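See below for run_4.tsv, which holds TSV, C-alpha atoms.
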```
chain	number	residue	atom	x	y	z
A	2	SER	CA	-22.34	-13.08	13.63
A	3	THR	CA	-18.91	-14.99	13.37
A	4	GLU	CA	-19.99	-16.63	10.01
A	5	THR	CA	-21.99	-13.61	8.64
A	6	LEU	CA	-18.53	-11.91	8.73
A	7	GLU	CA	-16.72	-14.42	6.44
A	8	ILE	CA	-19.46	-14.15	3.81
A	9	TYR	CA	-19.08	-10.33	3.89
A	10	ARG	CA	-15.32	-10.95	3.52
A	11	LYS	CA	-15.89	-12.86	0.22
A	12	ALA	CA	-18.23	-10.03	-0.95
A	13	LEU	CA	-15.90	-7.10	-0.04
A	14	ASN	CA	-12.70	-8.82	-1.29
A	15	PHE	CA	-14.31	-9.73	-4.63
A	16	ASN	CA	-15.82	-6.40	-5.69
A	17	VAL	CA	-12.72	-4.56	-4.23
A	18	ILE	CA	-10.47	-6.79	-6.52
A	19	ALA	CA	-13.04	-6.41	-9.45
A	20	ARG	CA	-12.02	-2.69	-9.42
A	21	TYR	CA	-8.35	-3.70	-9.74
A	22	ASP	CA	-8.62	-6.63	-12.17
A	23	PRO	CA	-12.02	-6.14	-13.83
A	24	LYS	CA	-12.03	-9.70	-15.13
A	25	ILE	CA	-12.58	-11.69	-11.89
A	26	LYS	CA	-15.31	-14.34	-11.94
A	27	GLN	CA	-14.75	-16.42	-8.80
A	28	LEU	CA	-12.58	-15.68	-5.77
A	29	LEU	CA	-10.97	-19.11	-5.06
A	30	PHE	CA	-8.59	-18.48	-2.17
A	31	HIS	CA	-7.67	-15.69	0.29
A	32	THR	CA	-5.00	-15.59	3.06
A	33	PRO	CA	-4.49	-12.59	5.40
A	34	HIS	CA	-0.71	-11.98	5.51
A	35	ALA	CA	1.63	-12.52	2.57
A	36	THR	CA	5.01	-10.97	1.60
A	37	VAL	CA	6.83	-11.13	-1.80
A	38	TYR	CA	10.53	-11.86	-2.23
A	39	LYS	CA	12.33	-11.82	-5.64
A	40	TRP	CA	15.37	-13.82	-6.89
A	41	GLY	CA	18.12	-12.42	-9.15
A	42	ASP	CA	21.26	-11.40	-7.16
A	43	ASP	CA	21.76	-15.13	-6.17
A	44	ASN	CA	19.78	-14.25	-2.96
A	45	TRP	CA	16.28	-13.11	-1.86
A	46	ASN	CA	15.34	-9.42	-2.02
A	47	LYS	CA	12.47	-8.18	0.16
A	48	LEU	CA	10.13	-6.57	-2.35
A	49	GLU	CA	7.81	-3.72	-1.20
A	50	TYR	CA	4.57	-5.87	-1.46
A	51	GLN	CA	2.94	-6.96	1.82
A	52	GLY	CA	-0.73	-7.67	2.55
A	53	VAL	CA	-3.63	-10.17	2.00
A	54	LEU	CA	-2.96	-12.84	-0.67
A	55	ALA	CA	-5.86	-13.80	-3.13
A	56	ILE	CA	-6.13	-16.40	-5.99
A	57	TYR	CA	-9.14	-15.88	-8.32
A	58	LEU	CA	-10.69	-17.21	-11.61
A	59	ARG	CA	-10.67	-14.91	-14.63
A	60	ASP	CA	-13.53	-14.56	-17.25
A	61	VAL	CA	-11.45	-15.55	-20.26
A	62	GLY	CA	-13.65	-14.98	-21.98
A	63	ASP	CA	-14.40	-12.52	-24.75
A	64	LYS	CA	-11.69	-13.65	-27.23
A	65	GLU	CA	-9.90	-10.58	-28.90
A	66	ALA	CA	-10.04	-8.62	-25.53
A	67	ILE	CA	-7.17	-6.18	-24.86
A	68	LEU	CA	-4.94	-6.49	-21.79
A	69	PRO	CA	-5.28	-2.81	-21.16
A	70	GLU	CA	-2.70	-0.24	-20.01
A	71	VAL	CA	-2.17	0.94	-16.53
A	72	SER	CA	0.40	3.72	-16.12
A	84	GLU	CA	16.50	-2.81	-14.91
A	85	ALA	CA	15.90	-6.51	-13.87
A	86	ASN	CA	14.29	-5.09	-10.61
A	87	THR	CA	11.10	-3.79	-12.43
A	88	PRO	CA	8.38	-6.41	-13.36
A	89	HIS	CA	7.42	-7.34	-16.94
A	90	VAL	CA	3.79	-6.17	-17.40
A	91	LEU	CA	1.69	-8.57	-19.48
A	92	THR	CA	0.69	-7.05	-22.79
A	93	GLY	CA	-1.58	-8.60	-25.36
A	94	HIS	CA	-4.78	-10.62	-25.44
A	95	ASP	CA	-6.78	-11.46	-22.34
A	96	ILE	CA	-6.08	-15.24	-22.36
A	97	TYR	CA	-4.85	-15.80	-18.71
A	98	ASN	CA	-7.21	-18.18	-16.81
A	99	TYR	CA	-6.60	-17.37	-13.09
A	100	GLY	CA	-5.17	-14.50	-11.01
A	101	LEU	CA	-2.91	-13.94	-8.01
A	102	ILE	CA	-3.06	-10.64	-6.01
A	103	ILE	CA	-1.46	-9.29	-2.81
A	104	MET	CA	-3.70	-6.40	-1.66
A	105	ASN	CA	-0.96	-4.00	-0.59
A	106	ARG	CA	-0.69	-1.99	2.66
A	107	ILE	CA	2.76	-0.51	1.88
A	108	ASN	CA	1.85	1.63	-1.20
A	109	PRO	CA	-1.30	1.77	-3.45
A	110	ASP	CA	-0.01	-0.50	-6.27
A	111	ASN	CA	-0.88	-4.17	-5.51
A	112	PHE	CA	1.08	-7.29	-6.47
A	113	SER	CA	0.10	-9.64	-9.38
A	114	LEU	CA	0.91	-12.94	-11.15
A	115	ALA	CA	-1.05	-14.25	-14.10
A	116	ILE	CA	-1.53	-17.96	-13.56
A	117	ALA	CA	-2.53	-19.76	-16.81
A	118	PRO	CA	-2.30	-23.57	-17.11
A	119	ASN	CA	0.37	-25.35	-19.23
A	120	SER	CA	-2.63	-27.26	-20.59
A	121	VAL	CA	-3.78	-24.07	-22.46
A	122	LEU	CA	-0.24	-22.86	-23.27
A	123	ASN	CA	0.73	-26.02	-25.25
A	124	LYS	CA	-2.76	-25.79	-26.81
A	125	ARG	CA	-1.96	-22.15	-27.79
A	126	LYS	CA	1.77	-22.19	-28.74
A	127	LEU	CA	1.21	-24.99	-31.30
A	128	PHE	CA	-2.20	-24.11	-32.82
A	129	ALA	CA	-2.08	-20.30	-33.01
A	130	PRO	CA	1.62	-19.23	-32.87
A	131	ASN	CA	0.59	-15.50	-32.70
A	132	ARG	CA	2.26	-15.02	-29.27
A	133	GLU	CA	1.81	-11.38	-28.17
A	134	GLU	CA	4.38	-12.06	-25.41
A	135	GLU	CA	6.80	-14.98	-24.92
A	136	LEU	CA	5.24	-17.32	-22.37
A	137	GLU	CA	7.22	-20.03	-20.51
A	138	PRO	CA	4.95	-22.41	-18.46
A	139	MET	CA	4.76	-21.88	-14.70
A	140	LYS	CA	6.10	-24.05	-11.85
A	141	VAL	CA	5.88	-23.96	-8.00
A	142	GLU	CA	7.47	-25.56	-4.90
A	143	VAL	CA	7.87	-25.36	-1.08
A	144	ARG	CA	11.46	-24.22	-0.20
A	145	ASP	CA	13.03	-22.42	2.76
A	146	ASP	CA	9.64	-21.31	4.33
A	147	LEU	CA	8.59	-19.68	0.97
A	148	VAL	CA	6.37	-20.68	-2.00
A	149	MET	CA	8.71	-20.55	-5.08
A	150	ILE	CA	6.84	-19.32	-8.16
A	151	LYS	CA	8.42	-19.39	-11.69
A	152	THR	CA	6.30	-16.94	-13.79
A	153	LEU	CA	5.34	-16.82	-17.51
A	154	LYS	CA	8.00	-14.13	-18.26
A	155	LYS	CA	10.81	-16.26	-16.60
A	156	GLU	CA	10.57	-14.06	-13.38
A	157	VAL	CA	11.19	-16.03	-10.17
A	158	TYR	CA	9.20	-14.86	-7.15
A	159	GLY	CA	8.66	-16.29	-3.63
A	160	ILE	CA	5.68	-15.69	-1.33
A	161	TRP	CA	5.76	-16.01	2.54
A	162	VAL	CA	3.02	-16.93	5.06
A	163	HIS	CA	3.77	-17.79	8.72
A	164	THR	CA	1.83	-21.05	8.79
A	165	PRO	CA	3.58	-24.03	7.10
A	166	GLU	CA	0.06	-25.40	6.45
A	167	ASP	CA	-0.85	-22.20	4.53
A	168	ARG	CA	2.41	-22.35	2.51
A	169	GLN	CA	1.51	-25.83	1.14
A	170	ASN	CA	-2.17	-24.76	0.81
A	171	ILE	CA	-1.37	-22.02	-1.73
A	172	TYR	CA	1.32	-24.26	-3.36
A	173	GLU	CA	-0.99	-27.31	-4.04
A	174	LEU	CA	-3.66	-24.95	-5.44
A	175	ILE	CA	-1.24	-23.03	-7.67
A	176	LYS	CA	0.02	-26.57	-8.70
A	177	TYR	CA	-3.54	-27.83	-9.41
A	178	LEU	CA	-4.35	-24.71	-11.51
A	179	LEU	CA	-1.32	-25.12	-13.78
A	180	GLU	CA	-1.26	-28.97	-14.00
A	181	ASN	CA	-5.07	-29.10	-14.73
A	182	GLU	CA	-7.48	-27.78	-17.43
A	183	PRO	CA	-9.71	-24.62	-17.02
A	184	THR	CA	-12.35	-25.34	-14.34
A	185	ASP	CA	-15.53	-23.86	-12.68
A	186	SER	CA	-15.65	-24.82	-8.95
B	2	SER	CA	3.01	-8.55	-13.60
B	3	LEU	CA	-0.68	-8.76	-14.72
B	4	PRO	CA	-1.91	-5.23	-15.72
B	5	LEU	CA	-4.34	-4.09	-13.00
B	6	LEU	CA	-5.65	-0.49	-13.21
B	7	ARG	CA	-5.58	2.38	-10.65
B	8	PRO	CA	-9.17	2.71	-9.30
B	9	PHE	CA	-8.36	4.76	-6.25
B	10	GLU	CA	-7.75	7.90	-8.35
B	11	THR	CA	-11.28	7.73	-9.82
B	12	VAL	CA	-13.64	6.14	-7.30
B	13	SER	CA	-16.09	7.35	-4.56
B	14	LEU	CA	-15.04	7.98	-0.94
B	15	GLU	CA	-17.53	5.22	-0.02
B	16	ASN	CA	-15.52	2.85	-2.34
B	17	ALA	CA	-12.07	4.21	-1.29
B	18	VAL	CA	-12.94	3.27	2.35
B	19	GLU	CA	-14.22	-0.23	1.19
B	20	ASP	CA	-10.78	-0.83	-0.58
B	21	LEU	CA	-8.76	0.32	2.54
B	22	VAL	CA	-11.11	-1.95	4.61
B	23	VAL	CA	-9.99	-5.05	2.40
B	24	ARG	CA	-6.41	-3.64	2.62
B	25	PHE	CA	-6.07	-3.08	6.40
B	26	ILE	CA	-9.14	-4.04	8.41
B	27	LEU	CA	-11.16	-7.01	6.96
B	28	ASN	CA	-8.38	-9.52	5.90
B	29	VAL	CA	-6.84	-10.23	9.28
B	30	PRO	CA	-6.79	-13.18	11.74
B	31	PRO	CA	-9.84	-13.05	14.10
B	32	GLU	CA	-7.58	-11.96	17.02
B	33	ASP	CA	-7.14	-8.55	15.25
B	34	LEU	CA	-10.97	-8.18	15.08
B	35	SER	CA	-12.30	-9.54	18.40
B	36	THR	CA	-10.15	-6.96	20.31
B	37	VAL	CA	-10.94	-3.20	20.28
B	38	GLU	CA	-7.31	-2.06	20.82
B	39	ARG	CA	-6.25	-3.95	17.70
B	40	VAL	CA	-8.81	-2.74	15.09
B	41	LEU	CA	-8.40	0.86	16.44
B	42	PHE	CA	-4.74	0.48	15.30
B	43	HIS	CA	-5.79	-0.89	11.88
B	44	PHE	CA	-8.01	2.26	11.55
B	45	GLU	CA	-4.98	4.31	12.56
B	46	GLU	CA	-3.07	2.35	9.85
B	47	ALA	CA	-5.67	2.90	7.04
B	48	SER	CA	-6.29	6.63	7.86
B	49	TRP	CA	-2.56	7.22	7.19
B	50	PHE	CA	-2.69	5.24	3.93
B	51	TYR	CA	-5.75	7.36	3.03
B	52	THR	CA	-4.08	10.74	3.85
B	53	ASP	CA	-0.65	9.74	2.40
B	54	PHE	CA	-1.89	8.02	-0.84
B	55	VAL	CA	-5.64	7.90	-1.42
B	56	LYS	CA	-6.20	11.67	-0.87
B	57	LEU	CA	-3.12	12.32	-3.06
B	58	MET	CA	-4.35	10.11	-5.95
B	59	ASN	CA	-7.98	11.37	-6.04
B	60	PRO	CA	-8.19	15.12	-5.22
B	61	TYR	CA	-11.97	15.32	-5.07
B	62	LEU	CA	-11.73	13.35	-1.78
B	63	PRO	CA	-11.83	15.37	1.50
B	64	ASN	CA	-8.98	15.56	4.05
B	65	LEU	CA	-9.91	13.13	6.85
B	66	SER	CA	-8.47	12.91	10.37
B	67	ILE	CA	-8.48	9.58	12.33
B	68	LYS	CA	-11.38	11.30	14.18
B	69	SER	CA	-13.81	11.37	11.20
B	70	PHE	CA	-12.34	8.57	8.96
B	71	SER	CA	-13.21	5.97	11.66
B	72	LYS	CA	-16.75	7.43	11.88
B	73	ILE	CA	-16.90	6.85	8.06
B	74	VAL	CA	-15.58	3.20	8.12
B	75	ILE	CA	-18.15	2.51	10.93
B	76	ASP	CA	-21.00	3.71	8.66
B	77	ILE	CA	-20.06	2.18	5.24
B	78	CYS	CA	-18.90	-1.24	6.68
B	79	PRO	CA	-20.68	-1.53	10.14
B	80	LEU	CA	-19.90	-5.20	10.25
B	81	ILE	CA	-16.38	-4.72	11.71
B	82	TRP	CA	-17.52	-2.61	14.72
B	83	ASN	CA	-19.28	-5.07	17.04
B	84	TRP	CA	-19.02	-3.29	20.49
B	85	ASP	CA	-21.35	-0.57	21.95
B	86	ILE	CA	-18.96	2.43	22.50
B	87	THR	CA	-18.28	4.98	19.66
B	88	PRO	CA	-14.84	4.93	17.91
B	89	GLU	CA	-14.15	8.63	18.86
B	90	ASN	CA	-14.81	7.57	22.49
B	91	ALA	CA	-12.72	4.37	22.22
B	92	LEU	CA	-9.60	5.58	20.27
B	93	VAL	CA	-9.10	8.11	23.21
B	94	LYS	CA	-9.59	5.75	26.19
B	95	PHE	CA	-7.82	2.74	24.51
B	96	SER	CA	-5.48	3.61	21.60
B	97	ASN	CA	-4.34	6.91	23.06
B	98	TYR	CA	-3.47	5.03	26.33
B	99	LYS	CA	-0.30	4.94	24.09
B	100	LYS	CA	0.33	8.68	25.00
B	101	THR	CA	1.87	10.35	21.93
B	102	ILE	CA	4.10	13.47	21.51
B	103	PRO	CA	2.54	15.60	18.66
B	104	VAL	CA	5.45	16.98	16.61
B	105	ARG	CA	4.58	19.79	14.13
B	106	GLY	CA	6.78	20.51	11.12
B	107	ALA	CA	6.65	20.99	7.32
B	108	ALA	CA	7.97	19.68	3.96
B	109	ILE	CA	9.19	22.91	2.29
B	110	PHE	CA	9.21	23.13	-1.57
B	111	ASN	CA	10.39	25.52	-4.38
B	112	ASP	CA	8.26	27.31	-7.07
B	113	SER	CA	10.02	25.37	-9.88
B	114	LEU	CA	9.60	22.14	-7.76
B	115	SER	CA	13.00	20.33	-7.72
B	116	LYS	CA	14.36	20.76	-4.12
B	117	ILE	CA	13.25	20.00	-0.47
B	118	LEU	CA	14.23	21.81	2.81
B	119	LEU	CA	15.69	19.39	5.45
B	120	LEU	CA	18.04	20.29	8.35
B	121	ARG	CA	20.69	18.34	10.32
B	122	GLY	CA	20.98	18.63	14.12
B	123	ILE	CA	24.01	19.51	16.30
B	124	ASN	CA	24.25	15.94	17.83
B	125	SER	CA	22.34	14.10	15.02
B	126	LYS	CA	23.93	13.22	11.61
B	127	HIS	CA	20.35	12.58	10.28
B	128	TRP	CA	18.39	14.94	7.89
B	129	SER	CA	14.71	15.86	8.65
B	130	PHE	CA	11.98	18.57	8.25
B	131	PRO	CA	11.89	21.29	11.03
B	132	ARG	CA	10.58	19.08	13.90
B	133	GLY	CA	9.79	20.30	17.45
B	134	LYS	CA	7.35	19.69	20.38
B	135	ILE	CA	3.79	21.28	20.85
B	136	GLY	CA	1.99	23.27	23.61
B	137	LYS	CA	-1.47	23.91	25.18
B	138	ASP	CA	-4.68	24.93	23.24
B	139	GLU	CA	-2.87	26.05	20.01
B	140	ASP	CA	-3.88	25.23	16.38
B	141	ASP	CA	-1.65	22.63	14.59
B	142	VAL	CA	-0.99	25.27	11.83
B	143	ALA	CA	0.16	27.96	14.37
B	144	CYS	CA	2.61	25.49	16.07
B	145	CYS	CA	3.88	24.62	12.53
B	146	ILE	CA	5.00	28.20	11.51
B	147	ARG	CA	6.35	28.92	15.06
B	148	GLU	CA	8.58	25.75	14.98
B	149	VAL	CA	9.80	26.75	11.48
B	150	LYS	CA	10.69	30.20	13.05
B	151	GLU	CA	12.73	28.50	15.88
B	152	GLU	CA	14.64	26.01	13.65
B	153	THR	CA	14.96	27.96	10.31
B	154	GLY	CA	13.33	31.41	10.67
B	155	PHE	CA	10.54	31.82	8.03
B	156	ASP	CA	6.74	31.76	8.66
B	157	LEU	CA	4.77	30.85	5.51
B	158	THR	CA	1.04	30.49	6.53
B	163	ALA	CA	-3.93	23.95	6.29
B	164	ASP	CA	-5.71	20.70	5.28
B	165	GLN	CA	-2.76	19.49	3.13
B	166	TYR	CA	-0.85	17.49	5.80
B	167	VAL	CA	0.93	14.07	6.02
B	168	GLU	CA	0.05	12.25	9.35
B	169	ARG	CA	2.08	9.24	10.73
B	170	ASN	CA	2.84	7.84	14.25
B	171	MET	CA	6.58	6.96	14.79
B	172	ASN	CA	7.57	5.35	18.16
B	173	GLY	CA	5.04	7.28	20.32
B	174	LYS	CA	5.19	10.64	18.43
B	175	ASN	CA	2.24	11.91	16.26
B	176	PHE	CA	4.06	13.54	13.28
B	177	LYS	CA	1.61	15.70	11.22
B	178	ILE	CA	3.94	17.35	8.63
B	179	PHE	CA	2.06	19.94	6.53
B	180	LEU	CA	2.73	20.56	2.78
B	181	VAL	CA	3.74	24.08	1.67
B	182	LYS	CA	4.83	24.79	-1.94
B	183	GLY	CA	6.33	28.21	-2.81
B	184	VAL	CA	9.23	29.55	-0.69
B	185	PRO	CA	12.38	31.38	-2.11
B	186	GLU	CA	15.34	29.02	-2.76
B	187	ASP	CA	17.88	31.96	-2.82
B	188	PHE	CA	16.87	33.21	0.72
B	189	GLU	CA	19.37	32.67	3.59
B	190	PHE	CA	17.91	30.63	6.52
B	191	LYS	CA	19.68	30.71	9.97
B	192	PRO	CA	18.81	29.36	13.53
B	193	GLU	CA	17.08	32.09	15.64
B	194	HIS	CA	17.85	30.05	18.83
B	195	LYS	CA	21.13	29.50	20.77
B	196	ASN	CA	22.50	25.92	20.25
B	204	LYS	CA	19.07	18.87	-1.19
B	205	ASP	CA	17.74	17.93	-4.68
B	206	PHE	CA	14.54	15.78	-4.96
B	207	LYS	CA	16.18	13.95	-7.91
B	208	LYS	CA	19.18	13.12	-5.61
B	209	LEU	CA	16.78	11.82	-2.84
B	210	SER	CA	14.68	9.44	-5.01
B	211	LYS	CA	17.74	7.37	-6.13
B	212	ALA	CA	19.17	7.30	-2.52
B	213	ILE	CA	16.12	5.95	-0.61
B	214	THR	CA	15.50	3.19	-3.30
B	215	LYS	CA	18.74	1.40	-2.14
B	216	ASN	CA	17.63	-1.08	0.61
B	224	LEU	CA	11.13	10.31	9.33
B	225	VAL	CA	11.69	11.72	5.80
B	226	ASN	CA	13.00	8.19	4.94
B	227	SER	CA	9.34	6.95	5.32
B	228	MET	CA	7.40	9.83	3.62
B	229	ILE	CA	9.42	9.55	0.34
B	230	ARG	CA	6.54	8.04	-1.71
B	231	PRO	CA	3.81	10.46	-0.32
B	232	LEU	CA	6.33	13.31	-1.02
B	233	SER	CA	6.85	11.92	-4.56
B	234	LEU	CA	3.03	11.97	-4.96
B	235	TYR	CA	3.04	15.70	-4.01
B	236	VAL	CA	5.76	16.14	-6.75
B	237	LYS	CA	4.05	14.01	-9.51
B	238	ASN	CA	0.74	15.97	-8.88
B	239	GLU	CA	1.84	19.72	-8.81
B	240	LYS	CA	3.57	19.29	-12.24
```

Show this structure as structure tokens.
Amino acid sequence: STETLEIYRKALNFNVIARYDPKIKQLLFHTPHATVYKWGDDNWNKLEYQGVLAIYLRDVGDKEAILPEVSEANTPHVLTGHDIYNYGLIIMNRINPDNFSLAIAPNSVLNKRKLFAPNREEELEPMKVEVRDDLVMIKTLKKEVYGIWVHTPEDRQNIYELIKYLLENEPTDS
Amino acid sequence: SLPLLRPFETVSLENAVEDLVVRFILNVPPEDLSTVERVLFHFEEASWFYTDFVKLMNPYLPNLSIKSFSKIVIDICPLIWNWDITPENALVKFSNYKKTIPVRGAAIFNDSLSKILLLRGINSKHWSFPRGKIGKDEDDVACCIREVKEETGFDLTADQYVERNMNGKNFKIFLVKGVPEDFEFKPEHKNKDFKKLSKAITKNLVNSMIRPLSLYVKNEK
């Protein structure tokens, strides 16, 4: 049964996340214990997001689709505009009902966008990642600088190299 | 940052369980799945998240005790329960080997909904709901009004509770809205604004049930 379990894990995770972000296509990576830290006060602040980490592929998709609406420097900057973001990051929370998210779109599509159709709904600065002080440093599209923790140093590079592949490469189908 | 919706407040109990499964039970290292004592704690953990958030977001959902909620996870996702014994039978022999002190109290609210009733002890410089120890073969609602008679002196008079285990003590604080704010309460035994409490806890037992208590506030209005 030990393998019949991991295939049920891909099923349950997927259609549980589909109810949160309705635009998943392919669940690419899942880790069981992540924690988010934010940078701003020249030091790390333990944010209230702790649970399973997941990186998926988004169905982008039906061009002209709305990024719909859910309900000072501490609050995140919700993405508003067209559904153009190619992959997703999600920490399925255990603290409170609202989960954690990061839209991960390649710089390959951003430079393709920002020059051809300069109708930017929201200012988007390309993403970058690194391995520093037992955390995965993530620079978001809306300048926000987050950091995600996982006990294993293997897992920390695992999520880094993937996040790095996603942004440095062109939209794929694995 | 990415705008994900709120599906808990609109989905089936079957689905709500599924979610909580992904949340607390299914995404865990094998160790926390091959051992009975461990998953019985993750059920403990998700039943509280259900009672303190899921039940409060979607009101069509029924109030579930760790007794029945486990029976429900076992039916919808029977892949996690491998062993032969029933959860009811197991979470008594194994999890409750961790012998808990059931403490019955209540989160008292006003008719206008703006203030909460918390008291400070003689020795303790900490604010909490009227909290005291239980007895033998007495309903959790009868021990609730009796402890609020011993520590404040006002019986109010069921399914609207807020369960949580804190260092070997099963706190099951009930929710009662509608008690006079002008009335004078005094201890019958020998020996604050909600607006003011939201801003105070944000700076990093009542210190843990802030968000479920905010959900009771967001809802009634």

Next item on the list: Would you kindly report the residues of chain A within 6 Å of chain B, using only C-alpha atoms, as a list in words?
Entry: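 Putting it all together, I get residues 14, 17, 21, 22, 33, 71, 88, 89, 90, 91, 104, 106, 113, 114 and 115 of chain A.
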
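What separates atom CA of residue 57 of chain B from atom CA of residue 10 of chain B is a distance of 8.3 Å.
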
So that all listed atoms of segment 167-174 of chain B fit with 4 Å spare on each side, what axis-aligned box centre and edge lengths in Å, to one decimal, would you give as AutoDock Vina command-line options?
```
--center_x 3.8 --center_y 9.7 --center_z 13.2 --size_x 15.5 --size_y 16.7 --size_z 22.3
```

Checklist line | Spatial neighbours of segment 84-96 of chain B, max dist 9 Å, only C-alpha atoms, sep filter under 4 positions, as a ChimeraX atom specification | finding: /B:37-39,41-42,67-69,71-72,75,100

Check: What is the distance, in Å and to one decimal place, between atom CA of residue 56 of chain B and atom CA of residue 112 of chain B?
Finding: 22.2 Å

Next item on the list: For segment 192-206 of chain B, list every protein, DNA or RNA residue within 9 Å, evaluated using only C-alpha atoms, and leave out those in the same chain fewer than 3 positions away; present the list as a VMD selection string.
Entry: chain B and resid 114 to 119 123 150 to 154 209 to 210 233 236

Write the residues of the selection above to a file with C-alpha atoms, as a compact mmCIF listing (two decimals), in the frame of the given file.
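Contents of selection.txt, freshly written:
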```
# COMPACT_ATOMS: atom_id res chain seq x y z
CA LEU B 114 9.60 22.14 -7.76
CA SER B 115 13.00 20.33 -7.72
CA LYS B 116 14.36 20.76 -4.12
CA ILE B 117 13.25 20.00 -0.47
CA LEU B 118 14.23 21.81 2.81
CA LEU B 119 15.69 19.39 5.45
CA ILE B 123 24.01 19.51 16.30
CA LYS B 150 10.69 30.20 13.05
CA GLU B 151 12.73 28.50 15.88
CA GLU B 152 14.64 26.01 13.65
CA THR B 153 14.96 27.96 10.31
CA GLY B 154 13.33 31.41 10.67
CA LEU B 209 16.78 11.82 -2.84
CA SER B 210 14.68 9.44 -5.01
CA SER B 233 6.85 11.92 -4.56
CA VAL B 236 5.76 16.14 -6.75
```

Next item on the list: For residue 93 of chain A, please output as a PyMOL selection string all residues within 9 Å (counting all atoms listed in the file; exclusion window: fewer than 3 positions along the same chain).
Entry: chain A and resi 66-69+96+132-134

Check: In Å, with one decimal, what is the gap from atom CA of residue 181 of chain A to atom CA of residue 120 of chain A?
Finding: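 Pair atom CA of residue 181 of chain A / atom CA of residue 120 of chain A returns 6.6 Å.
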
Item checked: Selection near residue 86 of chain A, 12 Å with only C-alpha atoms, sequence-local residues under 3 positions removed, as a PyMOL selection string -> (chain A and resi 38-42+46-49+89+156-158) or (chain B and resi 214-215)

Next item on the list: Identify, on the basis of only C-alpha atoms, every residue whose closest approach to residue 98 of chain A does not exceed 7 Å; exclude the query and any residue fewer than 6 positions from it along the same chain; express the result as a ChimeraX atom specification.
Entry: /A:58-59,61,116-117,183

Create the file for the chosen residues now, containing C-alpha atoms and written as a PDB file, keeping the file's coordinate frame.
```pdb
ATOM      1  CA  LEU A  58     -10.690 -17.210 -11.610  1.00  0.00           C
ATOM      2  CA  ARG A  59     -10.670 -14.910 -14.630  1.00  0.00           C
ATOM      3  CA  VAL A  61     -11.450 -15.550 -20.260  1.00  0.00           C
ATOM      4  CA  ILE A 116      -1.530 -17.960 -13.560  1.00  0.00           C
ATOM      5  CA  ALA A 117      -2.530 -19.760 -16.810  1.00  0.00           C
ATOM      6  CA  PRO A 183      -9.710 -24.620 -17.020  1.00  0.00           C
TER       7      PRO A 183
END
```

Checklist line | Shortest interatomic distance to residue 18 of chain A - which of A:57, A:173, A:62, A:43, counting only C-alpha atoms | finding: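 Nearest to residue 18 of chain A: A:57.
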
Margin query: So, with only C-alpha atoms as the atoms that count, which of A:175, A:35, A:122, A:13 lies closest to residue 140 of chain A?
Written below: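 Residue with the minimum atom-to-atom distance to residue 140 of chain A: A:175.
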
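The shortest atom-to-atom distance to residue 176 of chain A, with all atoms listed in the file taken into account, belongs to A:119 out of A:131, A:164, A:119, A:108.
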
Checklist line | From A:162, A:150, A:19, A:107, residue lying nearest residue 60 of chain A [all atoms listed in the file] | finding: A:19

Within 12 Å of (5.3, -24.1, -21.8) (coordinates as in the file), grab all the protein and nucleic acid residues, counting only C-alpha atoms, and write them out as a PDB file with C-alpha atoms, in the coordinates of the input.
```pdb
ATOM      1  CA  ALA A 117      -2.530 -19.760 -16.810  1.00  0.00           C
ATOM      2  CA  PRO A 118      -2.300 -23.570 -17.110  1.00  0.00           C
ATOM      3  CA  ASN A 119       0.370 -25.350 -19.230  1.00  0.00           C
ATOM      4  CA  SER A 120      -2.630 -27.260 -20.590  1.00  0.00           C
ATOM      5  CA  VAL A 121      -3.780 -24.070 -22.460  1.00  0.00           C
ATOM      6  CA  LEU A 122      -0.240 -22.860 -23.270  1.00  0.00           C
ATOM      7  CA  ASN A 123       0.730 -26.020 -25.250  1.00  0.00           C
ATOM      8  CA  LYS A 124      -2.760 -25.790 -26.810  1.00  0.00           C
ATOM      9  CA  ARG A 125      -1.960 -22.150 -27.790  1.00  0.00           C
ATOM     10  CA  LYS A 126       1.770 -22.190 -28.740  1.00  0.00           C
ATOM     11  CA  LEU A 127       1.210 -24.990 -31.300  1.00  0.00           C
ATOM     12  CA  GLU A 135       6.800 -14.980 -24.920  1.00  0.00           C
ATOM     13  CA  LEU A 136       5.240 -17.320 -22.370  1.00  0.00           C
ATOM     14  CA  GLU A 137       7.220 -20.030 -20.510  1.00  0.00           C
ATOM     15  CA  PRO A 138       4.950 -22.410 -18.460  1.00  0.00           C
ATOM     16  CA  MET A 139       4.760 -21.880 -14.700  1.00  0.00           C
ATOM     17  CA  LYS A 140       6.100 -24.050 -11.850  1.00  0.00           C
ATOM     18  CA  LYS A 151       8.420 -19.390 -11.690  1.00  0.00           C
ATOM     19  CA  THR A 152       6.300 -16.940 -13.790  1.00  0.00           C
ATOM     20  CA  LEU A 153       5.340 -16.820 -17.510  1.00  0.00           C
ATOM     21  CA  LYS A 154       8.000 -14.130 -18.260  1.00  0.00           C
ATOM     22  CA  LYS A 155      10.810 -16.260 -16.600  1.00  0.00           C
ATOM     23  CA  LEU A 179      -1.320 -25.120 -13.780  1.00  0.00           C
ATOM     24  CA  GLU A 180      -1.260 -28.970 -14.000  1.00  0.00           C
TER      25      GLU A 180
END
```
